[PDB]
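# using only what follows, build the 3D model:
(2 chains, ligands or ions: 1)
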Amino acid sequence: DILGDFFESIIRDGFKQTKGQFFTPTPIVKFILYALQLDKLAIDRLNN
Amino acid sequence: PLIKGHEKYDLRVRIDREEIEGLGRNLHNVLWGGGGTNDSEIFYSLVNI
Ligand SMILES: Nc1ncnc2c1ncn2[C@@H]1O[C@H](CSCC[C@H](N)C(=O)O)[C@@H](O)[C@H]1O
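Numbers count the residues shown, from 1 in each chain, chains lettered A, B, ... in the order given. Sure, structure below:
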C-alpha cells in the first residue's frame, strides 16, 4: 500500500476541487460507514 | 425545416441580451447535468458548435 498514498498526494496537489467537482469529506464517509455497522455486517456475513 | 430565405421558417433575427443570458445560464446548467461534464469541456464544445 504505497502507490495509493502516491495518488492521493497527486489528488491533493493539483486537482482544484472548485465547486462543480467536490468530494464528500472523509469524516462524513467514515461516519456513514460506521453508522451502518458495515464491519459488523461483513463479519456476520462472512461468519455465516 | 428552416429553409434559408423562407419568409416564415427563417433564422431568428433581432435578439437581445436577455435571451443570450438565459441561454448561457441554462446551457451551463443543462450540459453540466449533475457533474457529468467538465466546465472546460463544455466551453470548447460550445466554441466548436
Ligand atoms: N446518473 C448520474 N447523474 C448525475 N451525476 C452522476 C450520475 N451518476 C454518477 N454521477 C456523479 O456523481 C457525482 C456527484 S458528487 C459525487 C459524490 C461525492 N462527491 C463522492 O466523491 O463520493 C458527480 O460528479 C457525477 O459525475
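
# is the ligand within reach of the helix or strand encompassing residue B:29?
According to DSSP states H and E, residue B:29 maps onto helix B:17-32. No: applying Cβ under 6 Å from any ligand atom, one finds helix B:17-32 out of contact with the ligand, separated by at least 9.5 Å. (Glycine included, C-beta is placed from N, CA and C.)

# ok now that helix, how far from the chain's centre?
In terms of Cα atoms, centre = their mean, to the nearest Å, the centre of helix B:17-32 is found 7 Å from the chain centre.

# buried ones in the very next helix or strand once past that helix, by neighbour count?
For helix B:17-32, the following helix or strand on the C-terminal side (DSSP H and E) is helix B:39-48. Of the residues in helix B:39-48, residue B:42 count as buried by neighbour count, 16 or more other Cβ atoms under 10 Å in any protein chain shown.

# any idea how far the most centrally placed residue in chain B is from residue A:43?
By Cα atoms, centre = their mean, the mean C-alpha position of chain B lies nearest to residue B:23, the distance being 5.6 Å. Distance check for residue B:23 against residue A:43: by Cβ to Cβ, to the nearest Å, it reads 55 Å.

# which bits of chain B sit near chain A?
With the criterion set to Cβ under 8 Å from any Cβ of the partner chain, chain B comes near chain A through B:32, B:35, B:38-39.

# how does it look with 10 Å?
Counting by Cβ under 10 Å from any Cβ of the partner chain, chain B comes close to chain A at B:28, B:32, B:34-35, B:37-39, B:42.
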